[PDB]
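Structure, as structure tokens:
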Amino acid sequence: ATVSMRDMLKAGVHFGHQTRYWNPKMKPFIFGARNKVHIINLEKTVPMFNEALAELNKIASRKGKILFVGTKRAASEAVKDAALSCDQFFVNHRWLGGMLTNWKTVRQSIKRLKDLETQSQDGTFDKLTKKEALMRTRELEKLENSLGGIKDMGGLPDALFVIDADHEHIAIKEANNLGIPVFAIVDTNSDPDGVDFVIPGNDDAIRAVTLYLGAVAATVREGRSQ
Amino acid sequence: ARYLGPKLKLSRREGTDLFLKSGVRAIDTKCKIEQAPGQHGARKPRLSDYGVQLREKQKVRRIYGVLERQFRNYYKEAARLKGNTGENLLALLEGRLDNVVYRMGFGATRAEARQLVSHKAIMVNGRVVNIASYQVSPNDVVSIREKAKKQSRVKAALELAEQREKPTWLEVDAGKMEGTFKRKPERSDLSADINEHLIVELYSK
Amino acid sequence: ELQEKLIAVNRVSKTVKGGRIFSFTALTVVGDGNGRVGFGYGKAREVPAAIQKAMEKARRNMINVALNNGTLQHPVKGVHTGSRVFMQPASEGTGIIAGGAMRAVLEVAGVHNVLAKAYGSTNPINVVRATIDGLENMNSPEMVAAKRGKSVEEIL
RNA sequence: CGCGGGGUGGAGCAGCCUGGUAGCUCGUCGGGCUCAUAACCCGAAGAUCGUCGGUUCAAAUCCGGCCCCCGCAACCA
RNA sequence: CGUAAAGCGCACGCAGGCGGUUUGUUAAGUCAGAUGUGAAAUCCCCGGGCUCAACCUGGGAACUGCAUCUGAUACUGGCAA
Ligand SMILES: [Mg+2]
Ligand SMILES: [Mg+2]
Ligand SMILES: [Mg+2]
Ligand SMILES: [Mg+2]
Ligand SMILES: [Mg+2]
Ligand SMILES: [Mg+2]
Ligand SMILES: [Mg+2]
Ligand SMILES: [Mg+2]
Ligand SMILES: [Mg+2]
Ligand SMILES: [Mg+2]
Ligand SMILES: [Mg+2]
Ligand SMILES: [Mg+2]
């Protein structure tokens, strides 16, 4: 809903990477350097975060599908909880190159997963040999990790919320290709060029990602309540 | 200095009625209009860009019965004039005396109209004019001289003209056999299957 | 309503261990004759498959050109790799006096009057890219005035 | 039979002219939606373009045959 | 003009080319106007005469130049600080 400088500063949003890894494009949002580490200017974070929240709310009210993309070890479970609890979709394992631009092929895999999953419930993996009941079970496990968050999406989304613009550059680029706006939490070592709603701030602390996700999940929840 | 070969052959090569016959019958009843002439006629000619430009130019030349040297002079004159080069070129071709006498209807075809002009049956503004290419000016009066006012070919040609779209820019009377060229026709009044830009482009290569 | 045109088909080879693998490339341009034009380059083992891939690719990734009554706004220059391309607005009736690839792209984009001249390598792929880049880097009085904070009459 | 027109998911319609793309509306299945239905939303399924042929790298499109449909067509004591 | 042809082996330096900023002045370059001249024909525009056309012809435009006179002083040049 609403966040403030104290909450961001308690969760450690102002901390950035070390100076020798920064992006010169990220200079405007940089406050200073302390002990060879950049410090992110929260006076820029707060209005940008609130402005991104407003745009996300408007999309949610118009029944837009939101794809929560975050795949680092520090934000995988965080992004899964936020998207389940906001009734939207997510990716929290390795992003498949071409999820969006190659949606036709990726969709065939979605159909395969649904059929395999229903067969498991029915009991189909009993007539076949034990090996065929472990192979298919292993296939279902892999397909769940990869496309288990977008099996019900059914189409190209209307916005992406990428936790790490650095790590998830492929997803951002596919979004830019298709036409889908990106809301991205962007650290000091990252490139904000492909992002439409930049949100400067630390993207590696579990506390910070939980902060961003709770606020974003509440906004989408309230916008669908409408 | 005039094409004397078969007429429907040109219409088949262009794949379009060139009005080279009077119109007593249908061109599909007189020839195989859908098939190009010659041994390899049924084949579908895949035409290059230079080919389409050349075929367009040849279509216009064969409609009006104008050879290449004179036609090139027309383009030069049209390009020199002010306005639009393609529309000017069509205007000159329409101003030829053979075309005018055909359009008012003292001739089944443009070949028949041309023979009348040549054989001194036509008068513009009261004077016998023998020159086919003679450019008629606005407000001119074209008449059939008294000596030739008897010809059955003229009578039947007038009847056939009643069966075609009557040009809006000339004023004809079939009782006196005299027409008035009021104004120069526009691109709205001419058949839009012509593509003049191809001719302009062709002559600009 | 989209007019399409195949500019060039070209046979290439790969020279695999067994010998030469011949495949085909097709360059096509599509446009709505009213300011939108795109180009598509497709490869395949057969000519129909190649042109089909190119046409589909070209229907996507189209762009919008600010056309002035079937003519250009002002003289433009386009450059891609070794191909330079000069284009100039002309007066109604001139026609499209352009080169080989430029002819197809301009006709399909709706330019009816232009004076064009390619300087440099006349490779069709690079020529098409340069002419489309020139048509895209061309601005109209409305956007120029908006950029400069004036009215169109102020800019004339 | 004569002349003209027509045939595209179950239904109703574009696409044909300029040869490269099966679109629009309803309907069907499944889900959400609704306590449920309805309304709404999202998917999923559904045509080989009447058929037989030719044209041509390529045909719903261009050409012909057959099939049907429709209008007109001169004939009822 | 790195590798396709193409940076002298390197430097100093006369002639030459180019010249930070301010004021004043001059008016050379520059610009504006005016005048003289730039033969006629030819090219171009609007007309006219040969039945049309080629051709001939009336008027105009043009001849992008040069010279002189009168002005402007932004910039370049000169001179002065
Ligand atoms: Mg001769
Ligand atoms: Mg060269
Ligand atoms: Mg060498
Ligand atoms: Mg060398
Ligand atoms: Mg050296
Ligand atoms: Mg030196
Ligand atoms: Mg100086
Ligand atoms: Mg002076
Ligand atoms: Mg003279
Ligand atoms: Mg005269
Ligand atoms: Mg004269
Ligand atoms: Mg000075």
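Protein chains in written order, with the entry's author numbering: chain C, 2 to 227; chain E, 2 to 206; chain F, 10 to 165.
Cβ coordinates follow ideal geometry from the N, Cα and C atoms, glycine included.
Considering only their Cβ atoms, is the gap separating F:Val38 from F:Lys23 smaller than 9 Å? no
Can you find a C-beta in chain E that's less than 9 Å from the C-beta of F:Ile106? yes
Please identify, using Cβ separations under 9 Å, the residues of the segment 81–112 of chain E that lie next to chain F, in order along the chain. Listed by position along the chain: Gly84, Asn85, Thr86, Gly87, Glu88 and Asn89.
Kindly say whether E:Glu187, judged by its beta-carbon, lies nearer than 9 Å to any beta-carbon of chain F. no
Hey, which unbroken runs of the alpha helix (DSSP H) at 4 residues or more fall wholly within the segment 154–195 of chain C? Fully enclosed alpha helix (DSSP H) runs of no fewer than 4 residues occupy 170–179 of the segment 154–195 of chain C, in order along the chain.
Taking 7 Å as the limit between beta carbons, can you name the residues of its chain near E:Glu202, skipping five residues before and five after? Sequence-distant partners of E:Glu202 (beyond 5 residues in either direction) whose C-beta falls short of 7 Å from its own C-beta, in its chain, are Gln54.
Min CB distance E:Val201 to chain F below 9 Å: Closer than 9 Å: yes.
Between C:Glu175 and C:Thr106, how many whole angstroms is the CB-CB distance? I'm expecting something under 8 Å. C:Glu175 to C:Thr106, Cβ: 13 Å. No contact.
Using a Cβ cut-off of 9 Å, pull out every chain E residue sitting near F:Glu13, in sequence order please. Under the 9 Å cutoff, chain E gives no residues; its nearest Cβ is about 15 Å from F:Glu13.
Taking 8 Å as the cut-off, is the C-beta of E:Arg70 nearer than that to any heavy atom in ligand 1? Within the cutoff, so yes.
If we call anything under 9 Å between Cβ atoms a contact, is C:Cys87 one with C:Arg225? yes
Give the range of the beta strand (DSSP E) segment to which C:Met27 is assigned. Taken as a continuous stretch (DSSP letters only), C:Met27 belongs to no beta strand (DSSP E), as it is neither H nor E.
With C:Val70 and C:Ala172 assumed to form a contact (beta carbons below 8 Å), what rounded beta-carbon distance in angstroms separates them? 5 Å
Beta-carbon of E:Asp50 versus every beta-carbon of chain F: anything under 9 Å? Yes, its Cβ sits closer than 9 Å to a Cβ of chain F.
When you compare the CB of F:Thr103 with every CB in chain E, is at least one pair closer than 9 Å? yes
For E:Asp29, the three-state DSSP class (helix, strand or coil): helix
Bridge partners - F:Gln97, DSSP secondary structure assignment: Per DSSP, the beta bridge partners of F:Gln97 are F:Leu124.
Rounded to the nearest angstrom, what separates E:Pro139 and E:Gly127 at their Cα positions? The straight-line gap from Cα to Cα measures roughly 15 Å.
Can you tell me the Cβ-Cβ gap for F:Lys66 and F:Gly49, rounded? I've got them flagged as a contact below 8 Å. 4 Å
Selected residue, minimal CA-CA separation from F:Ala127, among F:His89, F:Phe95, F:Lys52 and F:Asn148: F:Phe95
Going by C-alpha distance, which of C:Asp165, C:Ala2 and C:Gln122 is nearest C:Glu52? C:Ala2
Does residue 166 of chain F get closer than 9 Å to chain E when you measure Cβ to Cβ? Since the first and last residues shown for chain F are 10 and 165, residue 166 of chain F lies out of range.
Return the chain-ordered list of same chain residues with a C-beta closer than 6 Å to the C-beta of E:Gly180, the five sequence neighbours on each side being excluded. Around E:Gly180: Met105, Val143, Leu171 and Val173.
What is the DSSP secondary structure of E:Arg128, reduced to helix, strand or coil? Here E:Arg128 sits in strand by DSSP.
Looking only at its own chain, which residues have a Cβ that is under 6 Å from the Cβ of F:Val85, when we skip the five neighbours before and after it? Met96, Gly143 and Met147
Can you tell which of C:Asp165, C:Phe16, C:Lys37 and C:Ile41 has the C-alpha that lies nearest to the C-alpha of C:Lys28? C:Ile41
Where C:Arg139 and C:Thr119 are concerned, what is the direct C-alpha to C-alpha distance, given to the nearest angstrom? 15 Å
Determine the closest residue to F:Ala53 out of F:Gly27, F:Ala99 and F:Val21, with distance taken between C-alpha atoms. F:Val21
Let's test the definition: count the other Cβ atoms within 10 Å of the Cβ of C:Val183 and tell me whether it reaches 16, buried, or not, exposed. buried
Please report how far the alpha carbon of F:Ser160 lies from the alpha carbon of F:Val153, in whole angstroms. 9 Å
Which residues does DSSP list as the beta-bridge partners of F:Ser92? F:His89 and F:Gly129
How do the segment 39–51 of chain E and the segment 21–31 of chain E stand: do at least 3 beta-carbon pairs fall below 8 Å, yes or no? no
Residues that DSSP places opposite F:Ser32 in a beta bridge: F:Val21
For the beta strand (DSSP E) that contains E:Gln136, what are its first and last residues? E:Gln136 -> no beta strand (DSSP E), and no H or E assigned at all.
Give me whichever residues DSSP pairs with C:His39 in a beta bridge. C:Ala34
Where F:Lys62 and F:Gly51 are concerned, what is the direct C-alpha to C-alpha distance, given to the nearest angstrom? 5 Å
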